[PDB]
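Encoded as structure tokens, the following chain is the form deposited in one PDB entry, with no partner shown.
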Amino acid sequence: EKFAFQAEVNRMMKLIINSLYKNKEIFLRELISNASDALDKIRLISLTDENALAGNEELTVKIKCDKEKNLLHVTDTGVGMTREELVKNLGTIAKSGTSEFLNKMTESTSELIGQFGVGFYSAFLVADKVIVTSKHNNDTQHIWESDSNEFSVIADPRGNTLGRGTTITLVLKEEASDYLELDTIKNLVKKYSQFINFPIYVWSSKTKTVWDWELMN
């Protein structure tokens, strides 16, 4: 139920960290493209699958902050992940390179983390804990949880609430407090959604103050 990160993931996690202490806001870029990739993969799958979109009809990205409890959620209706994918895809880096890329890191690292798809780990730049809730079309909903010193994957007590897709939940660090106010999340979401192909919304105030989803691109 508990697991240890692979050694290179630790080396990578530190390399991502002490190289982008200055460009902290790139985590939201990497979470938004990581959602698009996931949303693509299910649109591809839906070409050859009469029922790939059973678990959820829509293909969106929904971002919700939560200043009262210090949380940022980024939820896509993409392909989702299984228990085993959670453990392997997020507990290992072995897809290609995986040691090749840690030379050139230490050898303006903002571009290169995106190139290699390891952008997920920039989340630890602003989070004390990172929580991945995900639902694949061939598995039950699971939760992945880590503070970088280990992680655990558990079945979700709540059943299937996602339909299909993934939530990234960040328990934000204290310094990162400004990513909890509307206007500055919307700000960064616009800057990084310009070329994403799916609609991206932000639970927002259009004041009698009322909250609906607000589209950003």
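So that there is no doubt, residue numbering starts at 1 and follows the sequence shown. The term rigid core refers to the most C-alpha atoms you can superpose between the two forms while keeping them within 1.5 Å. Shifts are known only where both forms have a C-alpha.
Quick note: we don't show the form deposited in another entry, though the next part is all about it.
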item	value
Residue 12 C-alpha moves between this form and the one not shown by 2 Å or more, core aligned	yes
Core-superposed comparison between this form and the one not shown, residue 89 Cα displacement 2 Å or beyond	yes
Cα displacement of residue 79 between this form and the one not shown reaching 2 Å, rigid core superposed	no
In the other form, shift in Cα separation for residue 30 relative to residue 15, 3 Å or more	closer
Distance direction in the other form for the C-alpha atoms of residue 91 and residue 70, relative to the displayed form (3 angstroms or more)	farther
Moved residue ranges in sequence order between this form and the one not shown, Cα 2 Å or more, at least 3 long, core fit	1-23, 89-100, 108-121
